[PDB]
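Protein chains in written order, with the deposited numbering: chain B, 15 to 495; chain A, 5 to 283.
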Amino acid sequence: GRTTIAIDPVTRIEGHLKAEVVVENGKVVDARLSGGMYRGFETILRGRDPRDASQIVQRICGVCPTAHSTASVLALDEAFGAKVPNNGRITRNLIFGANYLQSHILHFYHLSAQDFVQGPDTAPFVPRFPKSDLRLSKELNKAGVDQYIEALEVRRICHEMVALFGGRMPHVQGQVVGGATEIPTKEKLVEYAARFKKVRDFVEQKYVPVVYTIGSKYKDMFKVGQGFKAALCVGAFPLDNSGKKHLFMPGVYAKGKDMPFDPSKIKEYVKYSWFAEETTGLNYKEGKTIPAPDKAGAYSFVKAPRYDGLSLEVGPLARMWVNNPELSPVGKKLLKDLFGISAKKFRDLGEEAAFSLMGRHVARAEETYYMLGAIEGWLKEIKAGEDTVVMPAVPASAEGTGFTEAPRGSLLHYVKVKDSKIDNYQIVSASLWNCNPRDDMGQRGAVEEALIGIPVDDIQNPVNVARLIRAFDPXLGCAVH
Amino acid sequence: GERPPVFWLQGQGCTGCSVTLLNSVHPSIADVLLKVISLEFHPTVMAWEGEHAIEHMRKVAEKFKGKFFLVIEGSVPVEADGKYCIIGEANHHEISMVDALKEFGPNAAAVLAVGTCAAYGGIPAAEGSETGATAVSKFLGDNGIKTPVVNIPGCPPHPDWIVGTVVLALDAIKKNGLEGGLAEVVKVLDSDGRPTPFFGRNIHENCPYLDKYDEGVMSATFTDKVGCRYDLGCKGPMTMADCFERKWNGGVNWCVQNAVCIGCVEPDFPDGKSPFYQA
Ligand code: SF4
Ligand code: SF4
Ligand code: FCO
Ligand SMILES: [Cl-]
Ligand SMILES: [Fe+2]
Ligand code: NI
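What follows is the structure in structure tokens.
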């Protein structure tokens, strides 16, 4: 028989989300995700000095504000014709890269780990489900708790790294159209490197190993949550000034095939979203945001983006699958020792295990290790004292698009300027790609589809529903804006 | 002594107030959670979820009626019968931010409106918005709720302003009891409801570049750190905060050193502080 389970709020994510699932014979057979809070940044932005956008857009999301900063300044750079000095490009990478480290560590320990680890006997770690399916030994659970506590310090240090050249965090002051506002000094680069060493040691010695080790006690979690097995990456982190090369290269993967990314193929649908029907199916260059909170049939403030008709996911798994880097040495070792798996590159996990509840946690840990090498490279490349900004005039009429990868997945901002003010501003964010509702054809969003098949052997303790959701690291502020 | 129960409800916020709090140095967030407060409901970090989390809050609220601290982050949108912010569901009934504040507001010892959105409306209430985003104090007043409100603004606030205001309250309550203590807190609020220990001093009059301002020596590019930032848009003259001294993120930088102040703690943020990059 059927049982319908509603969870609102889904906790240990960012923002406001309701999940409703239908369970039959011990498994999820249908799902609906509802983003329940709207602000309307795309309309708030209209009429402003375009340079204000790179501050205003950060308040979409205080967990990933550097991603919005980056997409906004890239869009403004294009619109204004600003030529960011090479040293400013690298400085921006140091600011934004440091928040990838913060965000992944925050996500695994402070958002996700309580799915597998019992915290101390005080709020906010209790009360919780009577049968929470917490499988770790006394020793391994204690390591989880000890690392959660250590990670509070490590993620704070990552924000110090962000602030060194970014001013403060949340909400950097240091990225603007034309580059970065503060030239790195020798002294502050020493400070960044010292903090980075501490973060590196934590990532290498604690975080990557604990994800594989906990994963090895939850091997069943690699066999569910596949969904569409379809992914998007739009590219991120310019490694030179020519723009021909990025740390993450763009690509689409669906139905077992790699394909190029063509942004003209993005459309946003709204049949099941609380927006005016006449705005359905628009590419972001012609995007419109007209709220309709009373529209019959709709169940979310998240629009439904589709790529050439496809429902895709984004995030570390998407990027790691598309780019297929070598696995970390410790990952290779623990895959063999704890799982009996021989792997060299990320795709060697196989499609099924990669696109899974636990595979998404593994991808995020591997990507964190990957980012260490990128930041190390930027610290070698940066030049103390070299100018990081130009000061371009505001255009009367212009347009620009900025594409990057936020920690949770693909992000683009589009801006059109008319009479020297913002005429239109459109945002297509990572958790929009993951946590969206059905499109006009009835095709589910990525997380909705990934919920299908999730086991619920105990309807009174349906812990795997939110476990699956948390693997995607949702932030509904980003999704709805 | 016993740590006071705290519920953290987010309306139209970005979670920046939670993230900023995680960056607290002294005390650390671990010490705040384990030694200073009992954070009984906070959807971003708590173990439980959904209706169970809501019911846990309601049970604690009943046991500590009149005694719990309610942290409200984000503005409260009143348009469309509250539908622009749904924070939970229990008994097959959705719970809007409007609903939640009407339920818990009257029974809190005090409401701490954290962040400029909650304090003053902020970006969700700015020009071009259409959700009826409302500041906490206005919403409570419009609904006859007399619970004391303390504003701790900023976009985001510094962690020290949030933790420090909690400690201000705890010290006062230890000395005077709950009602007498909160009265002593209200006595150190400015006309915008902000505690004077953190918001009683002006950025500009305390700024290390004030001499350059007086001399008319203005930077023409952000990266010129010698001149005053006024022509680049600095709103320090109109801003009451102690950022010049405590700085940000473990003291490693602050907005005027790095770029410009955007006046994020002020009731007219953002519109009255915009455009950000011209005077
Ligand atoms: S205008 Fe006042 S003196 Fe120049 S607070 Fe800003 S940089 Fe300092
Ligand atoms: S008050 Fe930054 S913009 Fe807000 S943190 Fe301006 S110096 Fe204090
Ligand atoms: N990371 C992040 Fe925020 C989301 N989802 C963006 O883009
Ligand atoms: Cl980010
Ligand atoms: Fe959008
Ligand atoms: Ni986000």
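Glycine included, C-beta positions come from ideal geometry on N, C-alpha and C.
Cutoff 6 Å; reference residue i; Cβ partners in own chain excluding five residues on either side
i	result
B/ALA112	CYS172, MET175, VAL176
B/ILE228	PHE130
A/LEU74	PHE11, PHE108, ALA112, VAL115
B/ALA165	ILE119, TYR123
A/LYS251	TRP258
B/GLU381	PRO330, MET334
B/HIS82	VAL71, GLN72, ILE74
B/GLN116	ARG169, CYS172, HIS173
B/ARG214	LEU386
A/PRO9	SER42, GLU44, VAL64, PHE68, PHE72
A/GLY20	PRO160
Beta-bridge partners of residue i, as assigned by DSSP
i	result
B/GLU196	Beta-bridge pairing links B/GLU196 to no other residue.
A/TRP252	A/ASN257
B/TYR383	None; B/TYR383 has no bridge partner.
A/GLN16	A/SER79
A/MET244	A/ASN206
B/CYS247	B/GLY265
residue 573 of chain B	The shown model of chain B, from 15 to 495, leaves out residue 573 of chain B, and the question about it has no answer.
B/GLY423	B/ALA420
A/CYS89	B/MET51
B/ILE389	DSSP, once it has assigned bridges, lists no residue as partnering B/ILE389.
B/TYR428	B/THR415, B/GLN440
B/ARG16	B/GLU38
A/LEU193	A/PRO199
Same chain, Cβ closer than 8 Å to residue i, neighbours up to 5 away in sequence not counted
i	result
B/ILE473	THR17, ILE19, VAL37
B/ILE70	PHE55, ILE58, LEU59, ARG62
B/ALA96	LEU90, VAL191, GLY192, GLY193, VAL404, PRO406
A/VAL230	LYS216, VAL221, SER223
A/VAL192	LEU172, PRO199, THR200, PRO201
B/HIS260	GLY249, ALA250, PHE251, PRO252, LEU253
Reduced DSSP category for residue i - H, G, I as helix; E, B as strand; rest coil
i	result
B/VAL404	coil
A/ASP175	helix
B/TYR286	coil
A/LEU26	helix
A/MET50	coil
B/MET372	helix
A/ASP228	coil
B/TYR439	strand
B/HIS260	strand
B/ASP472	coil
B/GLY414	strand
B/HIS118	helix
B/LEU166	helix
B/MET235	helix
B/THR294	coil
B/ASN255	coil
B/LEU326	coil
B/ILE104	helix
B/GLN132	coil
7 Å CB neighbourhood of residue i in its chain, flanking five on each side removed
i	result
B/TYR313	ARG46, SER48, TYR286, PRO451
B/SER411	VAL431, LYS432
B/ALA398	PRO198, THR199, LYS200, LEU203
B/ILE304	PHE289, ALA290, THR293
B/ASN478	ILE468, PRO469, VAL470
I need the residues with a C-beta less than 5 Å from some heavy atom of ligand 4; please give them in chain order. Those satisfying the condition are, in chain order, B/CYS78, B/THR80, B/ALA81, B/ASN113.
So does the stretch 223 to 239 of chain B actually touch the stretch 354 to 373 of chain B, counting three or more Cβ pairs closer than 8 Å? Yes, since at least three Cβ pairs between the stretch 223 to 239 of chain B and the stretch 354 to 373 of chain B fall closer than 8 Å, the two stretches touch.
State whether the stretch 292 to 308 of chain B contacts the stretch 328 to 342 of chain B, with contact taken as three or more CB pairs (one from each stretch) at a distance under 8 Å. Segment contact: the stretch 292 to 308 of chain B against the stretch 328 to 342 of chain B, fewer than three CB-CB distances shorter than 8 Å; contact not assigned.
Say whether the stretch 239 to 258 of chain B touches the stretch 182 to 192 of chain B, bearing in mind that this needs 3 or more beta-carbon pairs closer than 8 Å, one atom from each stretch. Not touching, per the Cβ criterion.
Pairs of beta-carbons, one from the stretch 164 to 171 of chain A and one from the stretch 128 to 141 of chain A, closer than 8 Å: are there three or more? Contact between the stretch 164 to 171 of chain A and the stretch 128 to 141 of chain A is not established, with fewer than three Cβ pairs separated by less than 8 Å.
Can at least three beta-carbon pairs, one atom from the stretch 256 to 274 of chain A and one from the stretch 434 to 454 of chain B, be found at a separation below 8 Å? No, because fewer than three Cβ pairs between the stretch 256 to 274 of chain A and the stretch 434 to 454 of chain B fall closer than 8 Å, the two stretches do not touch.
Using 8 Å as the threshold, is the stretch 195 to 210 of chain A in touch with the stretch 150 to 160 of chain A, meaning 3 or more CB pairs across them? In short, these stretches touch, since the Cβ pair count reaches three.
Take every Cβ of the stretch 401 to 419 of chain B, pair it with every Cβ of the stretch 68 to 86 of chain B, and state whether three or more of those distances are shorter than 8 Å. A contact between stretches requires three or more CB pairs, one per stretch, nearer than 8 Å, and the stretch 401 to 419 of chain B meets this requirement with the stretch 68 to 86 of chain B.
So, does the stretch 388 to 398 of chain B touch the stretch 347 to 361 of chain B, judging by three or more C-beta pairs under 8 Å? By the Cβ rule, the stretch 388 to 398 of chain B does not count as touching the stretch 347 to 361 of chain B, because fewer than three pairs are nearer than 8 Å.
Would you check if the stretch 82 to 98 of chain A and the stretch 63 to 70 of chain A touch, i.e. whether three or more CB-CB distances between them fall below 8 Å? Taking 8 Å as the limit for Cβ pairs, the verdict is that the stretch 82 to 98 of chain A does not touch the stretch 63 to 70 of chain A.
Is there contact between the stretch 48 to 56 of chain A and the stretch 22 to 29 of chain B, where contact requires at least three CB pairs shorter than 8 Å? Look at the beta carbons and you see the stretch 48 to 56 of chain A touching the stretch 22 to 29 of chain B: at least three pairs across the two are nearer than 8 Å.
So, does the stretch 274 to 289 of chain B touch the stretch 302 to 321 of chain B, judging by three or more C-beta pairs under 8 Å? Contact between the stretch 274 to 289 of chain B and the stretch 302 to 321 of chain B is present: three or more C-beta pairs spanning the two stretches fall below 8 Å.
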